[PDB]
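Chemist:
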Amino acid sequence: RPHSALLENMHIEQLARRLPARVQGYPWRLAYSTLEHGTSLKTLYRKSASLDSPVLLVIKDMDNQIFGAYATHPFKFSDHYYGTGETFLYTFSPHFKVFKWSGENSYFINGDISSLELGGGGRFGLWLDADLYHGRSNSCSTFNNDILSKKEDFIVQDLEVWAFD
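Mapped onto PDB author numbering, the consecutive letters of the sequence shown carry residue numbers 54 to 174, 176 to 219.
Structure representation (structure tokens):
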């Protein structure tokens, strides 16, 4: 079993039970960490470039709340949305909750030069700036999610991207 600087053992177990069958039982491998690597979206893209695997995004904001996404595709720069229906958002605040694909649109993942976002329909379920510093979470139609953080706007304390290959 893995050790995360952000997820306690109980959180890892709750998340692992919600992963799709595609990666059930697969060991977790830490591909990008703001604690270990340069803190920037560019570094995240570069550390994701060799991944042959769906990925698990783990964010801890400056209020110590934990939330993120399971994405069917490694995070990459794009000029249109990508990802498919197994992508979901999750949060642990106030309690562990998963927001699966609603079927309403397929705006799962978009990697801009200056931001990474999941969800669409002008709200993003999850948005991170180019420094992985400012973030935002809104209810969006892709996932019909709750605001993943306390309020809409948050600050990343640290984040991790795990892979299964």
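We put the CB at the ideal spot given by N, CA and C, even for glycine.
1. Use the C-beta contact count for residue 157: other C-beta atoms within 10 angstroms, 16 or more gives buried, fewer gives exposed.
2. State yes or no: is the C-beta of residue 213 nearer than 7 Å to some heavy atom of the ligand PLP?
3. Which whole runs of the beta strand (DSSP E) in the region 96 to 166 are 3 residues long or more, in chain order?
4. Just tell me which of 135, 132, 142, 56 has its CA closest to the CA of residue 120.
5. On a CA-only basis, which of 166, 179, 60 is nearest residue 86? Give me that one, please.
6. Would a C-beta distance cut-off of 8 Å place residue 88 and residue 58 closer than the cut-off?
7. Can you tell me whether residue 91 is buried or exposed, with buried defined as 16 or more other CB within 10 angstroms of its CB?
8. Go ahead and label residue 102 buried or exposed: buried means 16 or more other beta carbons lie within 10 angstroms of its beta carbon, across all protein chains shown.
9. In terms of residues, what are the limits of the beta strand (DSSP E) holding residue 182?
Modeler: So, to answer that:
1. exposed
2. Looking for the ligand PLP in the displayed structure turns up nothing, as the structure carries no ligands at all.
3. 108 to 114, 119 to 124, 141 to 144, 150 to 152, 162 to 164
4. 142
5. 60
6. yes
7. exposed
8. exposed
9. 180 to 183
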